[PDB]
Every structure is written in C-alpha cells, then in structure tokens.
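Presented below, as structure tokens, is a lone chain in the form deposited in one PDB entry.
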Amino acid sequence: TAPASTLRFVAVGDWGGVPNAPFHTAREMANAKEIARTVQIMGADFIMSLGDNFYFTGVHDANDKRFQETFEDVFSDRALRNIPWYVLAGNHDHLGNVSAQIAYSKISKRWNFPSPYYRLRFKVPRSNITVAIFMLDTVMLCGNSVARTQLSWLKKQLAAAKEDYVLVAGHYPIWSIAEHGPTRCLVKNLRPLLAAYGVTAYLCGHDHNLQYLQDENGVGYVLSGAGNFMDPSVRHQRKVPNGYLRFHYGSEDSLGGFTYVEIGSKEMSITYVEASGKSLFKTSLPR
C-alpha cells in the first residue's frame, strides 16, 4: 500500500508442492510469506501465475479438486487476502484437467482464468497510459519438453492492439539458459512476433529459477518461475545468443524468489525479489 501512480503486480511461476501432504514445500511457503509482505509495503494490483499451478498433475475435479484449496490456504495472509490473480496453464497443469482451473474462477473470486489463453487490459493511474497483457497457453502453442488459431489470434491481437504497453506471458521459455532452455517452437513462432509489433517483454516460468534476458531489439525476457523449486542448471547457456543474459539466479541453498513489476507513465520496471526479501536485481524497460 503506497500512493504510487503505477500499475503494479507480482509475477510468480511454478509453485505448489502436490501431490502428497501437504500441498506446499518449505519454499512455496517462503514465497507466499514474502509475496504477502512485498505487497503490504509496495502494494500490488494483481498477481499472475506463470504456470505449473499444482505441480505433478494439475487438478482432477473441475473446481472441486481439493488442491485448488491448499493453494488458497498457502497464499493465506490478510495482505493477499484480496489481491486478484491471473492464472496461466503450465505443462504440469496440462497433465490434469485444465478446464478445471478455468472453471475454478467461478468458485474463487480472486482466481481468474477465463480461457487457456486470453487478453487482459489495465491502465496506469495516470490515465492515457494503458497496458495490454496477453496470457497464452504454451503447451497448446508448442509441444517441446492444439492451437494454430491461438498463434493466429495473437497475430491479429498484437497487430490490432493500440495500448501504450504490451506484455506477453506463457509457461515455456523462449530464451533461457537453465535446465529446459530455449523452446524451439517459441523461438520460431513467437519470438518473431514480439519485436515485430513492439512487445515490451515476455514473462515466463518453467525453468525453476530467476533470470532476466534482453535481445538486441530491446524486447526483455523475464523468466521468474521459482516459487516452489530451485534449479542451479545452466546447461543451455550455450543455446542463448551471447549478450542476452543479464541476470540469473538459481542457487541450490536458496528458497524461492519471484518478480515485482511496476509500469508507469514513462517506463516499466522489473525488480527480482528473492524469497528472503532482498532485491537481487532490477532493470527498467522504455515505453
């Protein structure tokens, strides 16, 4: 809660330790506690989950699955007690009933998940400056480890969007040096569409760690999927064209970590916050 005239929001990915008991890991809990404090101090408009919402197989019963609850219970703290959530389909969520998590947005007011992929539209308290967010379904758009109209949808969308800012998120990485690494189909089908229509940046998770990349076009690459797991791998450093990596954190001994974004009249900022509370990397992107 701060009188800042900017669009703010936390962006986590890959949280949720189910199956088994409980539904959390030391780390999810840690991030839950920090994402709660971070928003008490800075304040947050919403929260977007970048994927892998219920870790091994995401949800049986459409809405009724009991895991939809232990998430509600993990992110239980008066601070987040009323903060909107915009969800995304991860790969593990596609091993379960996805339509389930979509419909779940009818049982929970804070849980928002209209379609596997959809368009969000916000506005900075400084009026004129409006932002467009395109939530996509990467499993449906790719396959590496059923949406040829999704890729065709994003085309028209991005080509028709007139907002001042345009962000795009999905679960699979375009660029990433970690364990999974760049995803061939995204690098081929999506990447060209960002610089093409001037997308400010691409947020994603999937690789259990924290990293910020940036191509020679100024399009930024925010990879913040470390809310439950932490992977120290960089097997794909070589697969990322030198100069793109600007920041990376995936140490073994560290609990979670996530990102905080603040878009204002002039620029969009991305500060990376470790579970602990320390801001370990920040950078901003032009309008």
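Here, rigid core means the biggest group of C-alpha atoms that superpose within 1.5 Å across both forms. Only residues modelled in both forms are compared. From 1 onward, residues are counted along the sequence shown.
Just so it is clear, the following notes concern the form deposited in another entry, a form of the same protein that is not shown.
- For the listed set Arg37, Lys239, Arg66, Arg246, the sole C-alpha moving 2 Å or more between this form and the one not shown on a rigid core superposition is that of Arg66.
- Between this form and the other one, the CA-CA gap for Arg119 and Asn63 widens by 3 Å or more, being larger in the other form.
- Look at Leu255 and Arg66: in the other form their Cα atoms come 3 Å or more closer than in this form.
- Fitting the two forms on their rigid core shows CA movement of 2 Å or more between this form and the one not shown over runs of at least three residues at 62 to 70, 143 to 145.
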